[PDB]
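Residue numbers (PDB author numbering), protein chains in the order written: chain FH, 273 to 361; chain GH, 273 to 361; chain S, 99 to 234; chain FD, 25 to 159; chain Fd, 24 to 161; chain FC, 58 to 161, 173 to 268; chain FK, 41 to 188; chain GK, 41 to 188.
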């Protein structure tokens, strides 16, 4: 039996970071990202296209929140546009 | 019972090198070569004539792949022409 | 200064090839510069080469005109046959709508199979993509 | 005077690259054409719009749970009697509707879709009853 | 003076070897399309579930690579059709990437319906004005 | 030797220059490469990335002086089929890594242009290995769909075992399906169940 | 470093807006929606789905104005005054919108969708019905929403 | 080191192409296919399978033109206008093509294979049949595809 999701994803489905994190600097898109223990969490409404996420949630207003490995670039879809996003860390 | 082929030859039937190789510098013909562990692998569509190959595969488009010992020259048939090919390593 | 030698010299400068052979004359037209890409829509920004080939074809007003479309190896075989047929057909109606009688013109499209260069190489397949105009 | 296209295939490698792209795109479309299972609309087996004037009320539902309670209070939203025929299993048939101005006939349509094989929806609007059926 | 006819722009070798990789991936993909379409005959189209209509013969030219819902909502909003979905959305997004030029919305939604293979399905009811997107039940 | 450190001065600058030039050359063809490497329309129906079946025809192995082994085809699966979340683009394969180095007479000039050409074709061989790798992966997934159409490989068998409302009073998960791949795709060695494609 | 401008500047937006309005191509802009209204005599000939060759300079400056924003769907629709029939009118205006969006899609716009349609004088802007394509009801107009 | 050129210059093949076209040897080049074309009076005597002694210098310069490409199969074929019979005509043109490929295979080419054949005016290139081997139908051609 797998785990259900991360339950930190309800925290990062809001804007509030996980306890004991480090914030990453999202440039080039409306996302936030934090780094708790070798995993980055993004809080987005862009959709994540390339770098692979390990878990995801989505709130009522279409904010998603993804748990993934530490990738320096995110490839997103904005509105059919395929954009990129730099983080630092 | 002998082994079937090398199973590295399906990788070198494409242009992708084996894991943990060293590239070789083929000169004077459209072949590529890697040196994996005292063994070179050429990827070509010429015909190998002199130096003796130990194993061979061939893809759909007449690409071949040869596993042989490390010879610095290769004799090829291009289109009935005997030609040579220098490698370095 | 407005003759046949001048218009084949500026056809060479507008990069349409022209070969005299006996009674046959053959124009070779690049589809990559004289057609919109993978479509039988004409590249009308390259109009003055097309004005030069209708100025060339006005000189020979009684010949049967074969026109023929050619692709390179890519795509399906039916796609090559239909797209080469379509490019030969719109070149045929360009000549018919710029003043050739409708029974001298004859359009045929071949899906890459005559192949004046090889198709295994980049500049050779670029030279394969052409329109042949044979007339007598 | 007009212009050429901006990122045109205007180059002897890129014409072969983008010709390969339009070739792999239409060959992708015909392999999608063969392994796409379709359904004919005469044999689709989903619910239609039952066109009752009580069923044309524009409702709003954000809910996710068992289909029996949503259909019971969507029935008394539509002033309909509600009948359940069949046995509700121990694992419940779960649905999820989150829309905020939508007609309750189409809400009934897509809970019939989200039921699928585990349940089904009938509406008899002359007797004004809506029946959730199990299997 | 001697001149072979196609004198294009100077290419570079990235586009050259990307091109001759792309032609091998193209004819192996049409080889796959050949064996798949001969082992199963496609018996039915999707024009019987997406028929043409007035204000569906308006044309569009689309490049798009995101999820299906914003694209189909924009197709239906310019088609003057009420857009509705059936099924809750899967948690992985069903992604399409429609890259085409100058065709009508009926065959655009047929290409959307084919590119969503066994994940979603476009139905159009042109007696009313409904474009409907259905996800799958898995 | 000063020519040699001039050559390695030119090497990393030519590699970073060729990496930048083919990076915007890759970015020019971004929709075309998205049309070419449509991995998204090659995934399976439960979002499974299909496996990479390499093919080698006409195989020989000379084992010694006395024995060879030939086979007419081999098919080998690498990179087995698995639950993908987001399908891979071309940019995980083909993107060359651009840094701009800030690390700086006559034989310096001519060996630094020889080192610049060495950095240019060194980056070209890195690119040649990259499109080789993505040609291997996408051709193996195309060949998976070909051999599944030919009934040479098994399709993957998922099992969605459903759970209803799950958890205690502090955590619920309402519709809690757990999906497994029980049977991985593998080549069937049962030879009589294959399908042989004609065309016309 | 991230980029400040998107290859575009507000001075060139207002310069192309006042120059297109000086040329008679009326650029209304209500909030975030934008509307470029072209009379059909400036693009096509009389009752024809064929551009004049001089009108491509107008479409070049229209596409250079359209490069300046970031948008999602450009819609472009055409209607001309009544000539022989409403079906002739809708086929003429559908071909007029599809040829002007074929050139705008051939040019650089960074839109994702272009919705091309034509109506058969179904939205006249004036009750005066003076002529064919000299009429101000005969127009092709380009509407979009400037995203962010 | 590897070699830059293969004993051949691009200036030398445009020089040999324009001097052979000045001499009346029609050298056309469509893509990678090349056809050089000698009339039969420039090599042979009239209705005769024998070269002149002066024509060997012409065969030396076409052998120097064929020494600059990398080719696989040179096909040399002959046809001349009809003399007493088509069987005598075909034996004449077969003997003419095997004579000129005997000299070209003796000289410097690097083709792997030379296909020699002769036809009995089965492809005329004009309807003007006024000459013997002064007719422009009467020719030998060397056709090949230059490899890579």
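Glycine is no exception: its CB is placed at the ideal position from the N, C-alpha and C atoms.
- Positions of the alpha helix (DSSP H) runs, each at least 4 residues long and wholly inside the segment 47 to 80 of chain FK, are given as 50 to 63 in order along the chain.
- At a beta-carbon threshold of 9 Å, the residues of chain GK lying near residue 121/S are 164, 165, 166, 167 and 168, ordered along the chain.
- Residue 143/FK carries a helical assignment under DSSP once its states are collapsed to helix, strand and coil.
- At a cut-off of 7 Å between beta-carbon atoms, residue 259/FC makes no contact with chain FD.
- Annotation: the continuous alpha helix (DSSP H) that includes residue 58/Fd extends over 36 to 62.
- Taking the Cβ atoms as the reference, residue 176/S lies roughly 13 Å from residue 208/S, outside the contact range of under 8 Å.
- Unbroken beta strand (DSSP E) stretches of 3 residues or longer found wholly inside the segment 304 to 346 of chain FH: 304 to 307, 311 to 316, 325 to 330 and 336 to 341, given in chain order.
- Distance between residue 187/FK and residue 288/FH, taken at the CA atoms: about 28 Å.
- With fewer than three CB-CB distances shorter than 8 Å, the segment 311 to 331 of chain GH does not count as touching the segment 109 to 127 of chain S.
- Not one beta carbon of chain FC lies nearer than 7 Å to the beta carbon of residue 100/Fd.
- If you look at residue 232/S, you'll find it in the beta strand (DSSP E) that goes 228 to 233.
- The C-beta of residue 127/Fd comes no closer than 7 Å to any C-beta of chain FH.
- With a threshold of 16 other beta carbon atoms within 10 Å, residue 262/FC falls short and is exposed.
- Taking 8 Å as the upper bound on Cβ-Cβ separation, chain FH lies near residues 239, 241, 244 and 246 of the segment 236 to 259 of chain FC.
- Close partners of residue 126/S in chain Fd (Cβ separation under 8 Å): 28.
- For residue 146/S, the enclosing alpha helix (DSSP H) has its first and last residue at 145 to 155.
- With contacts defined as CB atoms closer than 7 Å, residue 143/FD and residue 91/FD qualify as a contacting pair.
- Rounded to the nearest whole angstrom, the C-alpha separation of residue 81/FC and residue 121/FD is 45 Å.
- Looking at the DSSP output, residue 149/GK sits in no beta bridge, so it has no partner there.
- In the structure shown, residue 218/FC adopts coil according to DSSP, grouped into three states.
- Taking 7 Å as the CB threshold, residue 141/FC stays off the interface with chain FD.
- The beta carbon of residue 68/GK sits closer than 7 Å to those of 75, all from its chain and outside the five residues before and after it, given in chain order.
- Assigned with DSSP and collapsed to three states, residue 200/FC falls in helix.
- Counted as a single uninterrupted DSSP element, the beta strand (DSSP E) harbouring residue 355/FH occupies residues 354 to 358.
- Contact between the segment 94 to 114 of chain Fd and the segment 28 to 35 of chain FD is not established, with fewer than three Cβ pairs separated by less than 8 Å.
- Below the 7 Å Cβ cutoff, chain GH contributes 299 and 300 as neighbours of residue 42/GK, in chain order.
- Our two residues, residue 104/FK and residue 48/FK, have alpha carbons roughly 10 Å apart in a direct line.
- Uninterrupted beta strand (DSSP E) stretches at least 3 residues long and entirely within the segment 60 to 132 of chain FC occur at 109 to 119, given in chain order.
- Taking a beta-carbon distance threshold of 7 Å, residue 142/FK counts as an interface residue toward chain Fd.
- One Cα belongs to residue 223/FC, the other to residue 254/FC, and the distance between them is close to 8 Å.
- For a cut-off of 8 Å, the C-beta gap from residue 353/GH to residue 299/GH is around 16 Å, too long to register as a contact.
- Residue 160/GK is positioned such that its CB atom lies closer than 7 Å to that of residue 130/GK.
- Buried is the label assigned to residue 157/FK, since at least 16 other Cβ atoms lie within 10 Å of its Cβ.
- When DSSP states are grouped into helix, strand and coil, residue 167/S belongs to the strand group.
- At a C-beta separation below 8 Å, residue 325/FH has these neighbours in chain FC: 142 and 143.
- About 5 Å separates the beta carbons of residue 133/FC and residue 111/FC, which is inside the 8 Å limit, making them a contact pair.
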